[PDB]
Amino acid sequence: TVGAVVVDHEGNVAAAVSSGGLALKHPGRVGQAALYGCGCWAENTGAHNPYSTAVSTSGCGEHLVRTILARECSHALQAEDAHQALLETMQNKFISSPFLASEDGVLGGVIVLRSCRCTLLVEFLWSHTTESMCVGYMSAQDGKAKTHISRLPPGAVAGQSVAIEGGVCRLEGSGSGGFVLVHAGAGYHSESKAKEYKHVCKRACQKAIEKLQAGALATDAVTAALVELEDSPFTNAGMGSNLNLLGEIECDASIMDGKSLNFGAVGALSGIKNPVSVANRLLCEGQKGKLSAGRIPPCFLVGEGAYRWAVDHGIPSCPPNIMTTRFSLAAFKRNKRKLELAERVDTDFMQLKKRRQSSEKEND
Amino acid sequence: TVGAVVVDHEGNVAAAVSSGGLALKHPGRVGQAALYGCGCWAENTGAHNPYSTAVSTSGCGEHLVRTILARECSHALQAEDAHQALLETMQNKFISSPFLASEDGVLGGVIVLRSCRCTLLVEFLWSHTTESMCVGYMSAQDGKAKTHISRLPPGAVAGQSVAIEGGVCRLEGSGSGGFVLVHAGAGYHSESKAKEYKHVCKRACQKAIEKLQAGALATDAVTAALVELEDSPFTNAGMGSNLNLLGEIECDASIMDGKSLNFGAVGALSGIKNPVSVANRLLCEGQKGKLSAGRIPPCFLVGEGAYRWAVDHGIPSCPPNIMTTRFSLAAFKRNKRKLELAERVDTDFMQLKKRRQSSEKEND
Amino acid sequence: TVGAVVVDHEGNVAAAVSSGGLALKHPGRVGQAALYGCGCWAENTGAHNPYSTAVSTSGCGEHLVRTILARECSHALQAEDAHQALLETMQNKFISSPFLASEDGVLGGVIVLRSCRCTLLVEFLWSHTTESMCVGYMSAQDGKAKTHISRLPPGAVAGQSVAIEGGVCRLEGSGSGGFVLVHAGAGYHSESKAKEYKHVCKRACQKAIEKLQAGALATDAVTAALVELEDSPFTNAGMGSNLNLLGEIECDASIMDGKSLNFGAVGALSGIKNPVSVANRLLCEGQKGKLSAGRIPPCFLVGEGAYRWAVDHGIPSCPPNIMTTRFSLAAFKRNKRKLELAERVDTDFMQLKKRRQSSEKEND
Amino acid sequence: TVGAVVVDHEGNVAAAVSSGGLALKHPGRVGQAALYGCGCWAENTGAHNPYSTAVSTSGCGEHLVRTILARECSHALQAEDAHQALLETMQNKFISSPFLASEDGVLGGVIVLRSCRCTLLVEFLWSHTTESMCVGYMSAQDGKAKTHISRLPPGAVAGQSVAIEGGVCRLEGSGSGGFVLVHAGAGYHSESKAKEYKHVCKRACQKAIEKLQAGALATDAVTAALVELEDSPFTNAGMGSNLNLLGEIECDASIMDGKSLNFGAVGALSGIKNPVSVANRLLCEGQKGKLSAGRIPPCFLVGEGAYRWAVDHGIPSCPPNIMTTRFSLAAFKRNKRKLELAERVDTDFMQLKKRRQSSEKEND
Amino acid sequence: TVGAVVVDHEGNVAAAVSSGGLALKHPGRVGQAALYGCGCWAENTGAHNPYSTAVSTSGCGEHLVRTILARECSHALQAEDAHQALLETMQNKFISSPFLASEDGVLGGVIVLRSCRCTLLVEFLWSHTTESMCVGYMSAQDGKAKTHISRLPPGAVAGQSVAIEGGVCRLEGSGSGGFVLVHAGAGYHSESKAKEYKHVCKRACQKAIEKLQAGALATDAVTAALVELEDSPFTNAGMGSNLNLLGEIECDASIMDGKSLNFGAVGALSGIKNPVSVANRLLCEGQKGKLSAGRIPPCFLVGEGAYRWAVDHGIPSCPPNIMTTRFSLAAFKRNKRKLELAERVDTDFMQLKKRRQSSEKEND
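- As documented in the archive entry, the model was determined using X-ray crystallography at 3.0400 Å resolution.

- As annotated in the PDB entry, chain A is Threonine aspartase 1 from Homo sapiens.
- Quoted straight from UniProt, the Function (literature references left out) entry for chain A says "Protease responsible for KMT2A/MLL1 processing and activation. It also activates KMT2D/MLL2 (By similarity). Through substrate activation, it controls the expression of HOXA genes, and the expression of key cell cycle regulators including CCNA1, CCNB1, CCNE1 and CDKN2A (By similarity)."
- What UniProt records for chain A under Sequence similarities is the sentence "Belongs to the Ntn-hydrolase family."

Following this line, the structure appears as structure tokens:
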């Protein structure tokens, strides 16, 4: 589950997110990074909105459905600071919060951005309760991009404990000014694929910076970053996604502009190279749409409808094939073997609990 | 859009909602009454939750998604009362707020319910900014059901003004106790069919009460209510729903349980007689799936595969036609003719804006 | 118990109220619509006063003594909205509020007005817990006046349940701008006198609008509306009031200017056609009074003192006769018959509980 | 204006107050110490009421009506302490607030009491902005009574500056427990009579304590205290009260019970030796009147008929003369002479302002 | 600056800290880790105290004194969570606040711990704005100790950015329960000695746990931890501390107990091997001194006489030399040489600013 957040020279934030969902999910299934406040979030500075803020989420699809973590986080940041408004959503509204009270853990990861003026101040923080998570950030005058992972202290039981890093920066507020913060998602302790994730994050941020250095909108800025993220075959989002119950590929992706508070997302969208492009197009269409262009426009298209609307305006399509990769297909064969040796033992209890009622109620 | 809220003898709440979507929508378009916190809500009593609260929404199409009218209602209901912890989430957080700034009014509707103990107090209120809205309520001891319309006062410009109404009651704290509140959705001033909306509401309520008097779960209670609401041919939900650009039926339905804080929704569901039943089964399956029944189960399914899961379990399916009716199809021909005489005027202005470029830029 | 609230083109609010009190009240008895925060209220926009607000009250004289409902309501409206600051005084500080905890009900009715600038916004809401209540409103550019009643849903037990309607408007803020909201009070289910109440409200609002269109003050504006209300013989306030324990007429009336926060009220004022006129004169006298005109002036005159002060400055007087009417006198004969057949049975228990102590302590 | 507050062994509070009104007032003028929330207050411990609080006010005349110094004190006392939940209601909500903006200072006085359990803690404080004020306090176990003056510090311009004082104590949680706090009212720097105010206070306190040690109700406790305060010829309350424009006596008195939150007041009461007794009987009658004793009973009565109800029950009445005294009548002749030499100067300026019009407008 | 926090089986917290002061400080200079609310803090669970919280600070020198980073952390920790009730006291109340406005960054560090019951939840977090910081934690059941560094992310300008981290755990609610969190202080990027800081931390933790598993007081627990921290020659605290302008050792140490809210500190303590032991004995002596053991005992002692009290009780003293080491004295010669070549440049500018006055003012 990969995502990103950004702000431009004028202090206008935006946020995006993309994911392929659970390993063997049933056909046409939408998790988070698609729903309104569960996926990304973006809000620009206003009246009882002191700060201009942006969030993205990850991790279990289910856990971030149950708290609307992205809005909740986004509404907790009206407290006097950046690093002491977040985890009150991680521990007061997630870890020890009723919304996930019948689960083995509270597995997830989030990134935040905050910004205000006096000359703009930018705060970046990334929290999670999984074994590990990766991030990357950059600024316009800064010049070179940073990467690195945010793992939990040696032997700290993941789920229970939640590690969180951060920082603060100052960008000049005339023209040459933008900052990006992206994430390659949470996971298990397979260290093998570490260097890869760190690389695609560097490339991702550079692109967004290039768009912001070209004077692009924050919405287009986060799209570019999500493109390079999806395009990578190690990310479980866009190219190289998880294979479903029928070994097919079905993505979920969202995006929000805080300036205009306009939203656009897609779900179970099969056969599209960059799901985020569709979600961006849906968000731009909402602008021109309201000004004498038919009726109320759309922003949550799904699967079959997503496919038609995408090709119909002009988004190149892929056959479930390139979107598929050696790693994913190999992962699919070993993931199908777990359900083989599980559905075969779930029909052993159904014939042994009916055989304990067969020799008492039926024989005799 | 139609839907309901309920509480049982023990004070356990649940909420549901079903919708067909805005008239000529593009294929695979999931609006509200499907999304997690914008459709309906249910929250049982706890520590920072003083009351046990339940909501169901209706609106123009996407307006209630814009500010999650359901949960941003829920988190405001924890304020010391029932009837002054509602519109704060519909005026400062809907009518006059940044969420909906550049729209021709803030059309929408809502029904709420709360339950606290000392012997149980139940408070029922319904707000909206639409020309009219219909509702029905009943209790176990009450005996006979109540209906009636809740229109805006004479010559009060709909969109601008809002019209709330409510009440309070006491239920005996024994097995013989439950209260249901349904709604037949918002509309325009076409008073012919008013009689119908009221009949199905009275009848919806009875079934729910009979479920409650038989000792059924709150979740199953609102299902029987939404079932009798969907089955009605006048309700733009389940049977007699709106038709899309390709004259097809695509429903949106969701449900929530307060006790367990479990969720179940469907989107762009074509070919299923009672969409709320799919949503119910998704919620009921979530209860059993967490006791070594495979792995993380599913709560939100869409179109092509909502159908698969419905039938693989055993939900009565239909060809996407019996769901149309004399009125729906008569309406679709009329609605499509508005677009014929509109797209022929919107592609003329492009010719005219490519002929002023063609008598200035292109010619010489 | 009739009342009203208003705002002028500059956003300056005011409020008034008049009542004849309980049916057979004992000589010189003042209920509410006379006391400071129990009757009307008016406050203009300031520092920790975000909105400019006005209230009036009704119903039981006693119930609105016990909560200072008009100030309480007026101080609860500093919350971010209009329709979610009211009933937190209706249910958190009235229905389930200790101030009325030894009573059979919480019988009452209120009207509110709120106003702020960017071009002014006006919000009007009317709540109650009685079988019914009547209202009427108008604006300067609007042109024609609206009326209608706000009854409780079919069979909703009054006292327990409380129904509340509302709206929002926008008046141009140059010169031609004012809005009025008046009320004919709460009561029983005698539908016979419905049309009458609706008529006097229309006339009432027109007068206030005519004064505001003539550039009169909000104080004089609400007085004019209260004049037409009192003058009507169906209103239990001013002409056609309730007859006391000695079959005499004794009114109570108040008024407040929010701009200057100046108050003036009267109680048990016998023999005056328009009690509100006296209350207005008392409020104007407080202005000229402070600027080198003797000493601290007065604002709560009662009965015998009210009568002298009224005639002494120039208010035409009435003999308890015209103020009396066929309906009221006929009502007095049937109301005196209840106490006849009650005081005759309250002296049966006093001679039977003294006769149970006469044949034990005295015989022997 | 004089008055008191008390608590009994069980921690049940009550408050009372009696006043004669501003010197040459117009007939039938009810000021404070008569109004519901501006005179005195009593509130017993509950849910949102942590402490059990009691207040009694005194002031210039109408200044304490302006912001209901008693209840706006009460609702501030629920703040975590005793001595920093007082002046907030007397400075931001009285000295420097919109309530009293265009007045030559904010003259006034107040006495407060609170009681919470674990064994009962009692806190007593007295604030004012008048040159001087006198008080007296006692407890059951305490044994001997305390008196003394609470003047503003040397050369501190009265009106501007405020002078608070207080203390805390513990009472054994058995039958032998109660605490009384009375006051002899505000005044000017005419130190001759200081001895008197102190004597009647010591004696007022003893009676109340003897009522408390005999096991009387809190309500009856403060009555005996106010009785001995009214009976004093130096106190502008009950006997030796101020005389009005027509050299007549017109008292104002009220009382409140915290347990039942029951109220009883009188206004412009001429001819009754102890006005607080009328107020007490009105409160005592409210307790019996709610158990099928006719219908809704009365709590606030005025002048002509306060007299009727007093005597019809049996309260010792007098001709309105014995209530005057050597000092009161000597004062009335002196006070009336100020008006003779003042109205002869205020009607001269009208002649002069009708002679400049008569040598310019009228002549030619 | 080094230090620790702990909790025992019963959930009783305590905190400690020891420091040598800024390198070439003037004699008798007490900085933080000595002051009451700026050094460390301990608060046991109560009424307005929901959690039982413990803190220990480190910083540049005086920066943490500036805003009492410990108690202004403590009073913020009562917010609904652990990890979002910290930096609010380090960003709005430290990085970007008036407390530290005209300083070249806001260098500092902090470690926190909380404990609430239902079976005891313990939350441990460490924040800082320094290049690096080291920590170690352990629990009774845990078995083996954890160490590791918590540096700022690659190329994140230290001073500006802040880097938090944390976790949560559960302890069995029996005798076998306790958790320790120590720290080896902030520093610069001189990575040679990293191995050392970690070794002494692991070893510090073990001792504390062995105290906790033997059933020692929380206060005595952190003493054994600080003892093994002070004894280390690399820690600028106890042995191997910083040397002042006169090449002398002058320590600062404090401790607090949550149960009793008792305090003990020392400042400019020269010649005592473990300064935290003096602080401990001062705290332990405060417990016995309040039971008719003379009069008001002492809690904060300084230099010349901290020595007297230490030895009069029996704390192993030393000549102020064994406290120096190869590295400390090698560092003092190097540090003094910076001042030689600095005071010879700062007294040259005075000559130059007394020669421009000497070629203009003084000559003629």
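Focus on the pairing of strand β7 (residues 132-139) of chain B
Two faces belong to every sheet, and in a regular strand the side chains alternate between them.
All names here are of chain B.
Then step 1. The buried fraction of β7 amounts to eight of the eight residues, a majority that puts the element mostly inside the structure.
Then step 2. Side chains of β7 alternate between two faces, with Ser132, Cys134, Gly136 and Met138 and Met133, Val135, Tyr137 and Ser139 buried alike.
Then step 3. Two elements, β7 and strand β9 (residues 178-187), share seven bridges in a ladder whose sense is antiparallel. Note on β9: the bridge partner recorded for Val135 is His183.

Focus on the sheet that holds strand β2 (residues 13-19) of chain C
Residue and element names in this part refer to chain C.
Then step 1. Spatially, the seven strands line up as an open sheet ordered β7-β9-β1-β2-β10-β11-β12, and their pairing is mixed. In the strand order of this sheet, the two ends are held by β7 (132-139) and β12 (300-302), each with one partner. The sheet shows a mean angle of 10° between the axes of neighbouring strands, direction not considered.
Then step 2. Seen against the sheet, helix α3 (residues 195-213) touches β1 (2-7), β7 and β9 (179-187) and runs at an angle of roughly 30° to β7.
Then step 3. Sitting on the sheet, helix α5 (residues 275-290) is in contact with β2, β10 (251-257), β11 (262-269) and β12, with an inclination near 145° to β11.

Concerning the relation of the copies chain B and chain A
Then step 1. Overlaying chain B on chain A yields an RMSD of 0.4 Å, the required transformation being a rotation through 179° with an accompanying axial translation of 0.1 Å. Such values leave the two copies arranged in the relation of a two-fold axis. Taking C-alpha positions as reference, the residue of chain B nearest the rotation axis is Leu35 of chain B, located at 3.3 Å.
Then step 2. Comparing interface residues between copies, 86% of those in chain B also sit at the interface in chain A, which points to an isologous, same-surface contact.

Focus on the interface of chain B and chain A
Then step 1. Each partner contributes to the interface: chain B provides 50 residues, whereas chain A provides 45 residues.
Then step 2. Across the interface of chain B and chain A, roughly 3,900 Å² is buried in total on both sides, 59% from carbon and sulfur atoms.
Then step 3. In this structure, the connection of chain B to chain A is made through four salt bridges.
Then step 4. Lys290 of chain A is the partner of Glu103 of chain B in a salt bridge, and the nearest nitrogen-oxygen pair spans 3.6 Å.
Then step 5. In this structure, the connection of chain B to chain A is made through 13 residue pairs in polar contact.
Then step 6. Listed by contribution, the elements that provide at least two residues to the side of chain B that touches chain A are β3 (40-43), α1 (63-66), α2 (71-77), β11 (262-269), β12 (300-302) and α7 (303-313) of chain B.
Then step 7. With five residues, the single largest contributor to the side of chain B that touches chain A is α7 of chain B.
Then step 8. Looking at the side of chain B that touches chain A residue by residue, the classes come out as 26 nonpolar, eleven polar and 13 charged.

Quick look at a nonpolar patch on the surface
Then step 1. A surface patch of nonpolar side chains, about 270 Å² in accessible area, is lined by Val345, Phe349 and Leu352 of chain B.
Then step 2. Within the secondary structure, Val345 of chain B is located in helix α8 (residues 326-346).

Regarding the sheet that holds strand β11 (residues 262-269) of chain A
All names here are of chain A.
Then step 1. Taken together, the seven strands give an open sheet; going across it, the order is β7-β9-β1-β2-β10-β11-β12, and neighbouring strands pair in mixed fashion. Across the chains shown, the open sheet's two edge strands, defined by having one partner strand only, are β7 (132-139) and β12 (300-302). Going from strand to strand, the sheet's axes swing by 10° on average, the running direction of each strand aside.
Then step 2. With six bridges connecting them, strand β10 (residues 251-257) and β11 associate as antiparallel partners. Each bridged residue has a counterpart across the sheet, and for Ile255 the counterpart in β11 is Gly264.
Then step 3. Where helix α6 (residues 303-313) meets the sheet, its contacts fall on β11 and β12, and the angle it forms with β12 comes to roughly 105°.

Focus: the UniProt feature "active site" in chain A
Residues and elements named next belong to chain A.
Then step 1. Under the feature "active site", the UniProt entry names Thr1.
Then step 2. Among the structural elements, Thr1 can be located in the segment before β1 (2-7).
Then step 3. Residues in contact with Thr1, not counting those within four places in the same chain, are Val17, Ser18, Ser19, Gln32, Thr57, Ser58, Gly59, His183, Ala184, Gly185 and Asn236.
Then step 4. Among the polar contacts listed, one links the side chain of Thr1 to the side chain of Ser19, at a separation of 3.3 Å.

Remarks on the packing of aromatic side chains
Then step 1. By the definition in use, this model includes 34 aromatic pairs over all chains.
Then step 2. A ring pair is formed by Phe99 of chain C and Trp41 of chain D, whose centres lie 5.7 Å apart and whose planes are at 65°; its orientation type is edge-to-face. With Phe99 of chain C in the loop between α2 (91-95) and β5 (108-117) and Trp41 of chain D in strand β3 (residues 40-43), this residue pair bridges two chains. Like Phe99 of chain C, the residue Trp41 of chain D is buried in the burial classification.
Then step 3. By the ring-pair criterion, three or more aromatic residues cluster together here, those being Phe99 of chain A together with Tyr36, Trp41 and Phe263 of chain B.
Then step 4. Stacked on the ring of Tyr51 of chain B, the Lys or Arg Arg114 of chain B has its end atom at 5.7 Å from the ring centre.

Concerning the pattern of salt bridges
Then step 1. Within this structure, the stated rule accounts for 38 salt bridges over all chains.
Then step 2. Between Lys146 of chain C and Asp142 of chain C there is a salt bridge, with the nearest N and O atoms lying 2.6 Å from each other.
Then step 3. Take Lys146 of chain C: its relative accessible area is 16%, and that puts it in the buried class.
Then step 4. Note on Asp142 of chain C: relative accessible area 33%, which makes it partly exposed.
Then step 5. Of the charged contacts, one joins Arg66 of chain E and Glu62 of chain E as a salt bridge, the two residues approaching to 3.9 Å between their closest N and O atoms.
Then step 6. By relative accessible area, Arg66 of chain E is classed as partly exposed at 47%.
Then step 7. Judged by its relative accessible area of 36%, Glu62 of chain E is partly exposed.
Then step 8. Several salt bridges share partner residues, and in doing so they unite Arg29, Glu62 and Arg66 of chain A into one network.

As for the packing of helix α4 (residues 194-214) of chain B against helix α5 (residues 218-230) of chain B
Residues and elements named next belong to chain B.
Then step 1. For the pair α4 and α5, the least separation of the axes is 8 Å and the interaxial angle reads 155°. Classed by the angle they form, the pair α4 and α5 counts as roughly antiparallel. The chirality of how α4 crosses α5 is right-handed. The segment α4 lies against α5, with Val200, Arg203, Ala204, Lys207, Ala208, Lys211 and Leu212 engaging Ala221, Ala224, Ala225, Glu228 and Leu229.
Then step 2. Across the contact of α4 with α5, the residue classes tally to eight nonpolar, no polar and four charged.

Parameters at a glance
Residues numbered from 1 in each chain as written, not as in the entry; some residues may be left out. Chains lettered and ligands numbered in written order. Part of a larger assembly, values for the part shown. Heavy atoms only, no water. Residues with missing side-chain atoms left out of burial classes, pairs and counts. UniProt positions renumbered as here; feature names shortened; annotations may be inferred. Buried < 20%, exposed > 50% of the residue type's maximum accessible area, 1.4 Å probe, protein only. Helix = DSSP H or I, 4+ residues; strand = E, 2+ residues; numbered from the N terminus. Pairing = 2+ DSSP bridges. Axes fitted to C-alpha atoms, helices over the stretch in contact; angles between N-to-C directions. Contact = heavy atoms within 4.5 Å. Least-squares fit on C-alpha atoms. Buried area = accessible area lost by both parts, 1.4 Å probe. Salt bridge = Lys/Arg side-chain N within 4 Å of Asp/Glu carboxyl O. Polar contact = N/O pair within 3.5 Å; in protein donor to acceptor, adjacent residues only side chain to side chain. Nonpolar A, V, L, I, M, F, W, Y, C, P; charged D, E, K, R; others polar. Patch = residues over 30% accessible without salt bridge, like charges linked within 9 Å, V, L, I, M, F, W, Y side chains within 5 Å. Areas by Shrake-Rupley, 256 points an atom, 1.4 Å probe, with all protein chains shown as cover. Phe/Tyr/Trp six-rings, centres within 6.5 Å; stacked < 30°, edge-to-face > 60°. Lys NZ or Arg CZ within 6 Å of the ring centre and 35° of its normal. Parallel < 35°, antiparallel > 145°, perpendicular 65-115°, else oblique. Left-handed = near helix turned anticlockwise from the far one by under 90°.

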